[PDB]
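Colleague: One structure, as structure tokens, below. Some questions next.
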Amino acid sequence: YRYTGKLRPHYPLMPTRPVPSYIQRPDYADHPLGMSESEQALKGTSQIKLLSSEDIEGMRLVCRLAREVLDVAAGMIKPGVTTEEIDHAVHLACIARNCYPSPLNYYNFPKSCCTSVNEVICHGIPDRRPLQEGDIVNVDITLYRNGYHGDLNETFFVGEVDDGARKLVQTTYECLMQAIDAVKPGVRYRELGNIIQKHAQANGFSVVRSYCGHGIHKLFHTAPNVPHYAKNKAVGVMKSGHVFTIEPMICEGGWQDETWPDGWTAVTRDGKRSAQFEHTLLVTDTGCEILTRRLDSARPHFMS
Ligand SMILES: CO[C@@H](C(=O)NC1Cc2ccccc2C1)[C@H](O)[C@@H](O)[C@H](O)/C=C/C(C)(C)C
Ligand SMILES: [Mn+2]
Ligand SMILES: [Mn+2]
Ligand code: NA
């Protein structure tokens with residue numbers, strides 16, 4: 001393997017962390033290949049669930065608890081902290097909230113959250129690497145509570161970062177928010193990609209094509225697919241009651257990705273930095289409710 005930049009995996013990984021049996025588990029948690037039979041039964045389809053009132057309540061709660069756990073991780077971002085140590089704290093924080101860490105064993109993913117540094121686009125595996133001053137790191141949290149998943153991420157600065165890092169991070173956040181601002185009933189899912197690319201391109205950045213936002217509720221990934229690039233052919237039209245994520249990955253160089261030999265970590269083929277933000281949204285009559293918003297602070301962590 002020829003690495004595309006300066007990052008390398010830092011092994012060994014800690015043995016798989018157990019989740020106490022009193023915590024309710026999703027179907028794939030005990031499948032040997034981490035396959036989800038409830039998602040596989042729906043691979044056929046592009047039909048979107050209209051959430052019941054009970055489902056909405058279940059989504060509001062798991063997304064609020066997922067925000068709480070992202071904020072714990074945000075608190076830990078400084079030089080010299082390993083991404084495994086951030087994962088360990090996330091794992092205890094989910095169990096404290098009587099939730100299962102949705103990524104753990106999902107398709108045999110080995111950890112409880114994803115930590116993506118610098119040229120990593122997404123799905124980085126927490127490992128022994130201490131964070132370095134100047135890094136940008138994304139922490140991607142998903143919890144499962146009472147049958148529902150809630151998904152969100154932010155990119156953070158490690159100590160002082162360069163001007164390029166600040167611009168990439170700010171533009172990525174603005175891409176996400178301008179796409180959120182367009183959500184309301186009757187808009188096509190395929191439109192959000194136009195909005196995101198337009199703003200990335202205006203700032204000289206590119207949009208990852210290989211990874212998309214997704215419906216989420218009783219399944220971790222389900223309809224609709226929500227691409228983040230322009231002129232995509234996503235199927236579907238937003239209606240009140242729909243829940244899904246928007247999770248744009250934007251890059252300093254070109255948009256092309258590849259995957260490390262570990263089968264998970266996705267990296268820019270050119271080795272340049274990529275940043276991401278994600279929220280889980282519910283469509284309402286007046287636009288949408290950001291289920292994974294902060295309730296007690298106006299801005300994402302990188303602004304503070
Ligand atoms: C960018 O990543 C998103 C992602 O793969 N979307 C795709 C849309 C979709 C639709 C159907 C099946 C898989 C997928 C993945 C993903 O949802 C993340 O937000 C999530 O936090 C990480 C999940 C693991 C690492 C546990 C997979
Ligand atoms: Mn996520
Ligand atoms: Mn997601
Ligand atoms: Na990155």
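Residues in the structure tokens are numbered from 1 in each chain, the chains being A, B, ... in the order shown, and ligands are numbered from 1 in the order shown.
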As a ChimeraX atom specification, please: the residues near residue A:80 (cut-off 10 Å, only C-alpha atoms, same-chain neighbours under 6 positions excluded).
Modeller: /A:129-133,158
Colleague: Would you save the residues from that selection as a short mmCIF file (atom, residue, chain, number, x, y, z; two decimals), in the first residue's frame, using C-alpha atoms?
Modeller:
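What follows is the written file selection33.cif:
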```cif
data_model
loop_
_atom_site.label_atom_id
_atom_site.label_comp_id
_atom_site.auth_asym_id
_atom_site.auth_seq_id
_atom_site.Cartn_x
_atom_site.Cartn_y
_atom_site.Cartn_z
CA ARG A 129 -2.07 7.94 17.22
CA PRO A 130 -1.87 11.04 19.49
CA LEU A 131 -3.45 14.11 17.91
CA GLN A 132 -0.96 16.68 16.70
CA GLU A 133 -1.11 20.39 16.88
CA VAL A 158 -6.33 20.54 17.36
#
```
Colleague: May I have the residues within 7 Å of ligand 4, computed using only C-alpha atoms and all ligand atoms, as a PyMOL selection string?
Modeller: chain A and resi 116-122+136-138+273-275
Colleague: Dump N, CA, C and O atoms for the selected residues as a PDB file, in the first residue's frame?
Modeller:
```pdb
ATOM      1  N   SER A 116     -11.633  10.840  12.086  1.00  0.00           N
ATOM      2  CA  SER A 116     -11.070  11.083  10.734  1.00  0.00           C
ATOM      3  C   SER A 116     -10.142  12.325  10.812  1.00  0.00           C
ATOM      4  O   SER A 116     -10.620  13.473  11.002  1.00  0.00           O
ATOM      5  N   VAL A 117      -8.828  12.093  10.615  1.00  0.00           N
ATOM      6  CA  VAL A 117      -7.876  13.177  10.722  1.00  0.00           C
ATOM      7  C   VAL A 117      -7.378  13.582   9.359  1.00  0.00           C
ATOM      8  O   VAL A 117      -7.004  12.790   8.523  1.00  0.00           O
ATOM      9  N   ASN A 118      -7.303  14.940   9.124  1.00  0.00           N
ATOM     10  CA  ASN A 118      -6.612  15.510   7.898  1.00  0.00           C
ATOM     11  C   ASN A 118      -7.038  14.894   6.620  1.00  0.00           C
ATOM     12  O   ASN A 118      -8.212  15.129   6.285  1.00  0.00           O
ATOM     13  N   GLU A 119      -6.251  14.108   5.857  1.00  0.00           N
ATOM     14  CA  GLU A 119      -6.667  13.522   4.563  1.00  0.00           C
ATOM     15  C   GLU A 119      -7.666  12.425   4.653  1.00  0.00           C
ATOM     16  O   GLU A 119      -8.210  12.053   3.629  1.00  0.00           O
ATOM     17  N   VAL A 120      -7.988  11.993   5.894  1.00  0.00           N
ATOM     18  CA  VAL A 120      -9.099  11.048   5.987  1.00  0.00           C
ATOM     19  C   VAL A 120     -10.427  11.767   5.780  1.00  0.00           C
ATOM     20  O   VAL A 120     -10.774  12.763   6.457  1.00  0.00           O
ATOM     21  N   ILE A 121     -11.184  11.210   4.835  1.00  0.00           N
ATOM     22  CA  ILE A 121     -12.537  11.737   4.405  1.00  0.00           C
ATOM     23  C   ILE A 121     -13.600  11.313   5.442  1.00  0.00           C
ATOM     24  O   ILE A 121     -14.366  12.121   5.952  1.00  0.00           O
ATOM     25  N   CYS A 122     -13.542  10.042   5.796  1.00  0.00           N
ATOM     26  CA  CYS A 122     -14.499   9.501   6.807  1.00  0.00           C
ATOM     27  C   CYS A 122     -14.076   8.044   7.101  1.00  0.00           C
ATOM     28  O   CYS A 122     -13.259   7.429   6.469  1.00  0.00           O
ATOM     29  N   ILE A 136      -6.719  18.646  11.815  1.00  0.00           N
ATOM     30  CA  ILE A 136      -8.183  18.785  11.934  1.00  0.00           C
ATOM     31  C   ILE A 136      -8.676  17.316  12.099  1.00  0.00           C
ATOM     32  O   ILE A 136      -8.018  16.342  11.651  1.00  0.00           O
ATOM     33  N   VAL A 137      -9.644  17.202  13.024  1.00  0.00           N
ATOM     34  CA  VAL A 137     -10.188  15.839  13.351  1.00  0.00           C
ATOM     35  C   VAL A 137     -11.693  15.976  13.403  1.00  0.00           C
ATOM     36  O   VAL A 137     -12.303  16.765  14.078  1.00  0.00           O
ATOM     37  N   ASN A 138     -12.286  14.982  12.683  1.00  0.00           N
ATOM     38  CA  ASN A 138     -13.721  14.813  12.760  1.00  0.00           C
ATOM     39  C   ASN A 138     -14.043  13.635  13.688  1.00  0.00           C
ATOM     40  O   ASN A 138     -13.430  12.558  13.595  1.00  0.00           O
ATOM     41  N   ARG A 273      -6.382  17.726   2.544  1.00  0.00           N
ATOM     42  CA  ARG A 273      -7.343  17.599   3.726  1.00  0.00           C
ATOM     43  C   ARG A 273      -8.808  17.565   3.210  1.00  0.00           C
ATOM     44  O   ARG A 273      -9.191  18.103   2.151  1.00  0.00           O
ATOM     45  N   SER A 274      -9.612  16.884   4.058  1.00  0.00           N
ATOM     46  CA  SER A 274     -11.071  16.855   3.800  1.00  0.00           C
ATOM     47  C   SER A 274     -11.717  17.078   5.164  1.00  0.00           C
ATOM     48  O   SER A 274     -11.212  16.623   6.163  1.00  0.00           O
ATOM     49  N   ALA A 275     -12.828  17.857   5.125  1.00  0.00           N
ATOM     50  CA  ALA A 275     -13.612  18.060   6.358  1.00  0.00           C
ATOM     51  C   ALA A 275     -15.095  17.725   6.094  1.00  0.00           C
ATOM     52  O   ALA A 275     -15.534  17.638   4.961  1.00  0.00           O
TER      53      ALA A 275
END
```
Colleague: Could you list, as a list in words, all residues that come within 8 Å of ligand 3? Count only C-alpha atoms and all ligand atoms.
Modeller: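 Based on only C-alpha atoms and all ligand atoms, ligand 3 is surrounded within 8 Å by residues 142, 151, 152, 212, 213, 214, 216, 220, 221, 245, 246, 247, 278 and 280 of chain A.
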Colleague: I need the residue nearest ligand 1 from this list: A:155, A:16, A:276, A:24. Use only C-alpha atoms and all ligand atoms for the distance.
Modeller: A:276
Colleague: From a DSSP pass on the backbone, collect the residues of stretch 66-165 of chain A flagged as alpha helix (DSSP H) and hand them back as a VMD selection string.
Modeller: chain A and resid 66 to 74 83 to 96 163 to 165
Colleague: Give me, as a PyMOL selection string, all polymer residues having an atom no more than 8 Å from stretch 27-30 of chain A, counting only C-alpha atoms and skipping those fewer than 3 positions away in the same chain.
Modeller: chain A and resi 34-38+104-107
Colleague: Mind checking DSSP for stretch 78-273 of chain A and telling me the strand (DSSP E) residues as a ChimeraX atom specification?
Modeller: /A:100-101,114-117,120-122,136-145,148-157,206-207,213-215,222-226,243-246,249-251,257-259,266-268
Colleague: Emit the selected residues as a short mmCIF file (atom, residue, chain, number, x, y, z; two decimals), in the first residue's frame, including N, CA and C atoms.
Modeller:
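Result went into part.cif, see below:
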```cif
data_model
loop_
_atom_site.label_atom_id
_atom_site.label_comp_id
_atom_site.auth_asym_id
_atom_site.auth_seq_id
_atom_site.Cartn_x
_atom_site.Cartn_y
_atom_site.Cartn_z
N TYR A 100 -26.65 1.93 22.84
CA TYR A 100 -25.57 1.14 22.14
C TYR A 100 -24.89 2.07 21.12
N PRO A 101 -23.55 2.00 21.06
CA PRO A 101 -22.77 2.77 20.02
C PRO A 101 -22.97 2.14 18.66
N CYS A 114 -16.22 7.05 14.69
CA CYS A 114 -15.23 7.22 13.66
C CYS A 114 -14.44 8.47 13.94
N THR A 115 -13.10 8.41 13.81
CA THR A 115 -12.19 9.61 14.05
C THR A 115 -11.39 9.78 12.80
N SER A 116 -11.63 10.84 12.09
CA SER A 116 -11.07 11.08 10.73
C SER A 116 -10.14 12.32 10.81
N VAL A 117 -8.83 12.09 10.62
CA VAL A 117 -7.88 13.18 10.72
C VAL A 117 -7.38 13.58 9.36
N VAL A 120 -7.99 11.99 5.89
CA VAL A 120 -9.10 11.05 5.99
C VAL A 120 -10.43 11.77 5.78
N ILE A 121 -11.18 11.21 4.84
CA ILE A 121 -12.54 11.74 4.41
C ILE A 121 -13.60 11.31 5.44
N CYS A 122 -13.54 10.04 5.80
CA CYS A 122 -14.50 9.50 6.81
C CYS A 122 -14.08 8.04 7.10
N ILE A 136 -6.72 18.65 11.82
CA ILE A 136 -8.18 18.79 11.93
C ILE A 136 -8.68 17.32 12.10
N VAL A 137 -9.64 17.20 13.02
CA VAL A 137 -10.19 15.84 13.35
C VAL A 137 -11.69 15.98 13.40
N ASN A 138 -12.29 14.98 12.68
CA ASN A 138 -13.72 14.81 12.76
C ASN A 138 -14.04 13.64 13.69
N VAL A 139 -15.05 13.81 14.55
CA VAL A 139 -15.59 12.71 15.39
C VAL A 139 -17.04 12.52 14.99
N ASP A 140 -17.29 11.23 14.62
CA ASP A 140 -18.66 10.92 14.02
C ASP A 140 -19.28 9.92 15.03
N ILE A 141 -20.38 10.36 15.64
CA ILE A 141 -21.15 9.68 16.69
C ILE A 141 -22.47 9.14 16.15
N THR A 142 -22.78 7.86 16.44
CA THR A 142 -24.18 7.40 16.21
C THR A 142 -24.56 6.54 17.44
N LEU A 143 -25.74 6.81 18.00
CA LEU A 143 -26.33 6.02 19.10
C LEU A 143 -27.59 5.36 18.66
N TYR A 144 -27.80 4.25 19.42
CA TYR A 144 -29.05 3.46 19.24
C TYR A 144 -29.72 3.37 20.61
N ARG A 145 -31.01 3.85 20.61
CA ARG A 145 -31.82 3.83 21.85
C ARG A 145 -33.26 3.45 21.51
N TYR A 148 -34.11 3.21 17.80
CA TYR A 148 -33.81 4.30 16.87
C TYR A 148 -32.32 4.71 16.96
N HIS A 149 -31.90 5.09 15.75
CA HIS A 149 -30.50 5.56 15.64
C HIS A 149 -30.52 7.11 15.46
N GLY A 150 -29.46 7.77 15.99
CA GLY A 150 -29.29 9.18 15.79
C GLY A 150 -27.77 9.49 15.47
N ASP A 151 -27.54 10.29 14.43
CA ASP A 151 -26.19 10.38 13.74
C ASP A 151 -25.76 11.80 13.57
N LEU A 152 -24.52 12.14 14.01
CA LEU A 152 -24.13 13.48 13.75
C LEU A 152 -22.55 13.47 13.80
N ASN A 153 -21.93 14.54 13.25
CA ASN A 153 -20.44 14.67 13.36
C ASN A 153 -20.16 16.16 13.26
N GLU A 154 -18.94 16.42 13.78
CA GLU A 154 -18.29 17.75 13.62
C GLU A 154 -16.78 17.57 13.39
N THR A 155 -16.24 18.55 12.63
CA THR A 155 -14.76 18.67 12.57
C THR A 155 -14.29 19.73 13.57
N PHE A 156 -13.18 19.36 14.19
CA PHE A 156 -12.56 20.15 15.29
C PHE A 156 -11.13 20.48 14.90
N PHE A 157 -10.61 21.57 15.58
CA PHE A 157 -9.22 21.99 15.38
C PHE A 157 -8.46 21.47 16.59
N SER A 206 -13.60 20.77 -3.48
CA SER A 206 -14.35 19.77 -4.20
C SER A 206 -15.22 18.92 -3.25
N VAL A 207 -16.16 18.18 -3.83
CA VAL A 207 -17.17 17.38 -3.08
C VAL A 207 -17.00 15.88 -3.33
N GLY A 213 -25.44 11.14 2.42
CA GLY A 213 -26.35 11.13 3.54
C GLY A 213 -27.48 10.14 3.23
N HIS A 214 -28.32 9.92 4.22
CA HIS A 214 -29.20 8.73 4.21
C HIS A 214 -30.33 8.93 5.17
N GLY A 215 -31.48 8.33 4.78
CA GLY A 215 -32.48 8.07 5.80
C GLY A 215 -31.94 7.34 7.01
N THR A 222 -30.88 3.90 5.42
CA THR A 222 -32.08 3.46 4.60
C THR A 222 -32.45 4.55 3.64
N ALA A 223 -33.53 4.40 2.84
CA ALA A 223 -33.92 5.48 1.97
C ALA A 223 -34.34 6.75 2.68
N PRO A 224 -34.06 7.88 2.08
CA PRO A 224 -33.43 8.08 0.78
C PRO A 224 -31.92 8.14 0.80
N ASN A 225 -31.29 7.96 -0.35
CA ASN A 225 -29.89 8.35 -0.54
C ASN A 225 -29.86 9.83 -0.75
N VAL A 226 -28.91 10.52 -0.12
CA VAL A 226 -28.78 11.95 -0.24
C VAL A 226 -27.33 12.33 -0.67
N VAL A 243 -37.20 11.57 7.95
CA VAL A 243 -35.90 11.83 8.75
C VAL A 243 -34.76 11.32 7.94
N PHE A 244 -33.69 12.14 7.87
CA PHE A 244 -32.53 11.72 7.09
C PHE A 244 -31.33 12.60 7.54
N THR A 245 -30.17 12.16 7.05
CA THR A 245 -28.97 13.01 7.39
C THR A 245 -28.47 13.75 6.13
N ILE A 246 -27.75 14.86 6.41
CA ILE A 246 -26.89 15.53 5.41
C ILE A 246 -25.49 15.60 6.01
N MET A 249 -18.80 15.83 2.74
CA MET A 249 -17.32 15.78 2.82
C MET A 249 -16.74 16.63 1.66
N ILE A 250 -15.97 17.67 2.07
CA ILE A 250 -15.43 18.63 1.14
C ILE A 250 -13.91 18.53 1.21
N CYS A 251 -13.25 18.74 0.03
CA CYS A 251 -11.74 18.50 0.01
C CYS A 251 -11.03 19.67 -0.55
N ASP A 257 -11.56 9.57 -3.91
CA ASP A 257 -11.19 8.84 -2.68
C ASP A 257 -10.64 7.48 -2.94
N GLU A 258 -9.94 6.91 -1.96
CA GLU A 258 -9.61 5.48 -1.95
C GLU A 258 -9.69 4.97 -0.49
N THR A 259 -9.61 3.67 -0.34
CA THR A 259 -9.74 3.10 0.96
C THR A 259 -8.42 2.42 1.38
N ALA A 266 -11.30 5.93 4.59
CA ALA A 266 -11.37 6.54 3.26
C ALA A 266 -10.53 7.81 3.30
N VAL A 267 -9.68 7.98 2.24
CA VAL A 267 -8.69 9.06 2.19
C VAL A 267 -8.74 9.73 0.78
N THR A 268 -8.43 11.02 0.78
CA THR A 268 -8.20 11.69 -0.52
C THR A 268 -7.05 10.97 -1.25
#
```
Colleague: Calculated over only C-alpha atoms and all ligand atoms, which of the candidates A:31, A:43, A:272, A:242 has the smallest distance to ligand 1?
Modeller: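 Residue with the minimum atom-to-atom distance to ligand 1: A:43.
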Colleague: Quick one: of A:210, A:256, A:21, A:146, who's nearest to ligand 1, counting only C-alpha atoms and all ligand atoms?
Modeller: A:210
Colleague: Distance atom CA of residue A:304-atom CA of residue A:290, one decimal place?
Modeller: 20.1 Å
Colleague: Using only C-alpha atoms and all ligand atoms, which residue out of A:134, A:287, A:110, A:159 lies closest to ligand 1?
Modeller: A:110
Colleague: Between A:270, A:191, A:57, A:252, which one has atoms that come closest to residue A:228, using only C-alpha atoms?
Modeller: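 Closest residue, counting only C-alpha atoms: A:191.
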Colleague: Give the answer as one residue: which of A:164, A:193, A:147, A:124 has the shortest atom-to-atom distance to ligand 2, using only C-alpha atoms and all ligand atoms?
Modeller: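 The answer is A:124, which sits nearest to ligand 2.
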Colleague: Which distance in Å separates atom CA of residue A:286 and atom CA of residue A:179, to one decimal?
Modeller: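 Interatomic distance, atom CA of residue A:286 to atom CA of residue A:179: 15.2 Å.
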Colleague: Identify, on the basis of only C-alpha atoms, every residue whose closest approach to residue A:194 does not exceed 12 Å; exclude the query and any residue fewer than 4 positions from it along the same chain; express the result as a ChimeraX atom specification.
Modeller: /A:175-176,178-179,182,188-190,198-201,207,226-234,248
Colleague: Atom CA of residue A:277 and atom CA of residue A:173 are how many Å apart?
Modeller: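 Separation between atom CA of residue A:277 and atom CA of residue A:173: 6.1 Å.
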